[PDB]
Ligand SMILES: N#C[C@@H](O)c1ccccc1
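To begin, one chain is listed below as structure tokens, in the form deposited without ligand MNN.
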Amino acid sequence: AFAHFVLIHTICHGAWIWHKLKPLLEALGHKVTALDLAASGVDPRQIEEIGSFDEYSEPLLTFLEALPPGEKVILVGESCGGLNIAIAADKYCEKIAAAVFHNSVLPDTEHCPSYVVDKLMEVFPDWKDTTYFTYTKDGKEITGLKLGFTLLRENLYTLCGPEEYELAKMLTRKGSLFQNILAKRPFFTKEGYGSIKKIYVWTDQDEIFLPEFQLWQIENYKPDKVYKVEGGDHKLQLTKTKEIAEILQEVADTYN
């Protein structure tokens, strides 16, 4: 079967992270959309204009709003993109055939939206040469970050080639996790986000979303299906592109 995949990058990244996976999925016959979220990739906004994870998610929500009735997509979110998935599923659940988490945060419906982010920082407290700043938007102080180049090399892009690491140095931008805004946000809903099918894809060789964290997430909120990819790194769409495409084909054949 063929599906329409919507690929959702993480904070400080853009659609460009999907540049290997998108053509491979198209070569299987799928339709692929790879979005830039707000203030990401070649989006014209700067992060200081963005006040929440919901606002950050606007391009995904706008896309989903534009789907004609009856068209369903498979969302694929990497790293912090699982939060964009949860936000989207609470507006457009009827348009989502399934959601695939790719070394991603896995929010739940029992705890507040920041819960898994809070846990991630416990497990991975030291972001190396990452820099931080503050800005104010809609009366709240937001912590922005710029991912450190050593962090990128060693922990995110560990096994990626030098030309892929170079893209990350060139293209990663200032962003935010909006952690304190998530902490005050209404909970993700059981009827919306809770009802979607959730497929969790990971590698135990991830040097930032470490095994303790990922296995904690799987026990916290049981996925419908778990795929463990052997080897690779946090950026499986770069280091294990073929394996990711194979998994996504199986998801397209399972959930519609």
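All residue numbers refer to positions in the sequence shown, first residue = 1.
Beyond the structure shown, there is the form solved in complex with ligand MNN, which is absent from this document and is the topic of what follows.
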Worksheet item: Which residue, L75, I87, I181, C80, has a heavy atom that falls within 4.5 Å of ligand MNN in the deposited complex?
Response: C80
Discussion item. Can you pick out, from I11, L238, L25, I244, the residue that has a heavy atom within 4.5 Å of ligand MNN in the deposited complex?
Written reply: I11
Discussion item. Each of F101, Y200 and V229 having a non-hydrogen atom within 4.5 Å of ligand MNN in the deposited complex: is that the case here?
Written reply: no
Worksheet entry | Which of 163-171, 144-152, 89-97, 108-116 lines the interface with ligand MNN in the deposited complex (heavy atom within 4.5 Å) | 144-152
Worksheet entry | Exercise: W127 in contact with ligand MNN in the deposited complex, heavy atom 4.5 Å | yes
Worksheet item: Looking in the deposited complex, any heavy atom of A34 within 4.5 Å of ligand MNN?
Response: no
Fill in: in the deposited complex, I196 touching ligand MNN (heavy atom, 4.5 Å)
no
Worksheet entry | Partner proximity in the deposited complex: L64 to ligand MNN, non-hydrogen atom cutoff 4.5 Å | no
Worksheet item: Out of 204-239, which residues reach within 4.5 Å of ligand MNN in the deposited complex, heavy atoms considered?
Response: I208, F209, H234, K235
